[PDB]
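> have a look at this fold, sequence not included:
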Ligand SMILES: O=C(O)c1cc([N+](=O)[O-])ccc1O
Ligand SMILES: O=C(O)c1cc([N+](=O)[O-])ccc1O
Ligand SMILES: O=C(O)c1cc([N+](=O)[O-])ccc1O
Ligand SMILES: [Mn+2]
């Protein structure tokens, strides 16, 4: 998201006082856009929460980077300033819909901006997962002792490589020990790692002996 | 000015909703510092305006650059974010005093920050300027036709190379045709350029024939 | 003010760091680091400050010639004090053109024999540098209460090397990329103490300087079998010969220059001196024709109130009185300053000095007020600054410090900080 302003002025000529949204300094305007975008994000994750058999997807939003202009030439404030947003999608959300929502936040503030997508990947729920699901379930109850529980939302609402497999028709799930690093967990119990390796092996012995 | 926050979280784990000033995303907190610094800046130029024989100094403030973190790794928001400020000084202001004021703005918001100077240069009013002043005045009245006026404040309140000369004991002023580029003027009238070259020449013929 | 009971604790700590003080000086003095190659010395100080948690920054114009700046941060609301010394040393092993034996030992090395530390690199200037490094370490480890920051500034290029003619850029610069660069790019503070060797005598006046290149003209060039003889020296076609005459006229001017421009300031009495530091003309590998020109290079110190153009005209007159044609061209100008508003640092130091050294401070020796030290950049930029350390100056030239004296200076440095850094700006 690049917000435009201007005209550029050498610091001894900058007009003051001026309303934030009218500032010639694009950094100043962006700061106002950021709090509007944070509230939009607060409501986004709730509006687009969606439950699937494979888990509940809670799609979140973060502002991951900002810049404008360059640190080694600061005697003129920037005519532009960019923000970089990570916006997670549930499998059923079109990226263009999200872009218009953001274009609208900007429009409500009366700002001139460019909202440009530079990454798009689709999320998927597995189709025909039952054989792997079952093979794993059997192994899990043997090694861990109880039925499996429904996954925590953050671990359903990220990017993991189940997506490429699913996209290409290889039914796929994710499973391992410990809390996610995004959490952030910083360790594994050696005993749990051993448990997992056992589950992985058992899963293989079931599944790899079926005829396709 | 670097604002600190954290802890870093993978986008699917970001806590919402959170008050801006309590946000784990330093960019979010920074937006809030930017508003406080913009108000402080509106008042700074008035509080430190000061009138001298060589002109009236109106010292301004601009935020010239912002960044955090990097655009090519945005899946975790930054724990820090930096701002880069141009703060003009009248010849009589200690830089450390200004730093304390900026640290105070930060403190009033309950933020943890580093306010670190990376540039300091002094401004000067000329001493013992009269002979040059006089030669120039005379030449100016012959070529332009009326007396010189007191300069516009932005042209007194910037950085020009009169400062190194005055610092080193060489009485020095600035003088030319047209509006300043920080203005921003984008052309000169050839007639005005010719007038200046005449004023320069006459100034030289007077002054360089005076005894030191 | 200085703490009552918190001083004794810090002093005790300093008594226990004596050998650490010694090794630091010796290791530091041992590094080959003449002006132009202080890189390695900077690297040492950076990792020393880093280990002791002063969070150093490299602040420089080149990646191999830089200043090192760290801080000992205070609780809040106090005055800042800089401690400053320089990383370069005087003699390079290269320099057979100014010294009779460029490769002595005292010129390049540093060792602890007897409870003394020998070496020009220690007198100027790693001895005093070690002192405040240790003082800072003591303050930090003793948990001394300081409201203000202590800024630790180790600079490059203090020694008066300057570029001229075909000698340009990285290899020949000094002061332009040293302290004044560091201060201009962050190393600012309320007051500054420059640790160089005075003898426990504070100085807060220093001299400026103007360097003149004087080229005398003659001619016409003649192949040696054609040179006209006999001719009065001042009429010689050989510019070398005429210069020889100008040289004794300039030496006479110099004997009187220093006396005429002696001036007494509160910060010390300035006796500004003159030396001819170099001569050349023309080239050694083509001597079959004498030169039509010959240049001389003069170091002329200025008191704080003398315009360099005034001095240039005096030299031009000397040339004129001999009936010679010459170009007197300046290729270096720096101003000297007396500290303004120095009293708080003066007082903090005075009290400390009397606790440790035992007697009042005396007025400084003239050469130490009439030289170039890094007080000039600090004062030029509005940071009141004085000089103070142990031992005799290398310009003397002294060649050693007493360890007992170094321990004393480090103690004086600490007390000064404990006083000053708790005053309100
Ligand atoms: O699987 C994860 O937890 C995970 C976390 C991050 N991250 O916190 O940035 C990135 C990729 C991951 O797979
Ligand atoms: O002299 C000026 O007007 C001037 C303007 C800028 N600027 O607008 O960035 C910089 C240097 C200047 O001298
Ligand atoms: O500080 C000094 O004593 C000093 C001496 C010389 N020198 O003797 O050539 C040069 C630079 C100095 O700072
Ligand atoms: Mn020195």
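Noted; the coordinates are in hand. Numbers count the residues shown, from 1 in each chain, chains lettered A, B, ... in the order given. Ligands and ions are numbered 1, 2, ... in the order given.
> and residue A:105, how many neighbours?
19 (other CB atoms under 10 Å in any protein chain shown). The C-beta positions use only the backbone N, C-alpha and C, and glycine is treated the same way.
> how about the contacts made by it?
Contacts for residue A:105 (CB atoms under 8 Å, 6 or more residues apart in numbering or on different chains) come out as A:33, A:36-37, A:40.
> near ligand 2, which residues of chain A?
A:10, A:75-76 (CB under 6 Å from any ligand atom).
> mind checking which of these are buried?
A:10, A:76 (16 or more other CB atoms under 10 Å in any protein chain shown).
> make a markdown table from the residues of chain A next to ligand 2 and add distance to ligand 3 and secondary structure to it.
Listed next are the residues of chain A next to ligand 2 as a markdown table, based on distance: CB to the nearest ligand atom, whole Å; DSSP: H, G, I helix; E, B strand; the rest coil:
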| residue | distance to ligand 3 | secondary structure |
| --- | --- | --- |
| A:10 | 40 | strand |
| A:75 | 36 | coil |
| A:76 | 41 | strand |
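> closest to ligand 4 out of the residues of chain A next to ligand 2?
Ranked by distance to ligand 4 (CB to the ion), those are led by residue A:75 at 36.0 Å.
> in whichever strand or helix holds residue A:198, what's buried?
Assigned by DSSP states H and E, residue A:198 belongs to helix A:190-207. By 16+ other CB under 10 Å, the buried positions in helix A:190-207 come out as A:195-196, A:199, A:202-203, A:206.
> could you do stretch A:102-112 as well?
A:102, A:105-106, A:111.
> what's the closest of those to chain C?
residue A:111 (35.7 Å; CB to the nearest CB).
> and the residue of chain A closest to ligand 4?
For chain A, CB to the ion, closest residue to ligand 4: residue A:72, 32.8 Å.
> near ligand 3 too, which of the buried residues of helix A:190-207?
Of these, not one also sits near ligand 3 (CB under 6 Å from any ligand atom).
> can you tell me if stretch A:65-76 touches chain B.
Yes: judged by CB under 8 Å from any CB of the partner chain, stretch A:65-76 comes into contact with chain B at A:65-71, A:73-76.
> for chain B, state which of those residues is nearest.
Within those, proximity to chain B (CB to the nearest CB) peaks at residue A:74, which comes in at 2.6 Å.
> how far does the longest helix along chain A sit from its chain's centre?
Using DSSP state H to define each element, chain A has its longest helix at helix A:26-47. Centroid separation for helix A:26-47 versus its chain: 16 Å, with CA atoms, centre = their mean, to the nearest Å.
> could you pull out the strands in chain A for me?
Here chain A has its strands, by DSSP state E, at A:2-4, A:50-52, A:55-57, A:61-68, A:80-87, A:113-114.
> which one of the ones you listed lies nearest to residue B:4?
Between residue B:4 and the strands of chain A, the tightest spacing by CB to CB is seen for strand A:61-68, at 15.4 Å.
> so what does that closest one touch, helix or strand wise?
Packing partners of strand A:61-68 (3 or more CB pairs under 8 Å, 6 or more residues apart in numbering or on different chains; DSSP states H and E): helix A:26-47, strand A:80-87, helix B:26-47, strand B:61-68.
> does that strand come close to ligand 1?
No: residues of strand A:61-68 are not located near ligand 1 by CB under 6 Å from any ligand atom, the shortest gap being 10.7 Å.
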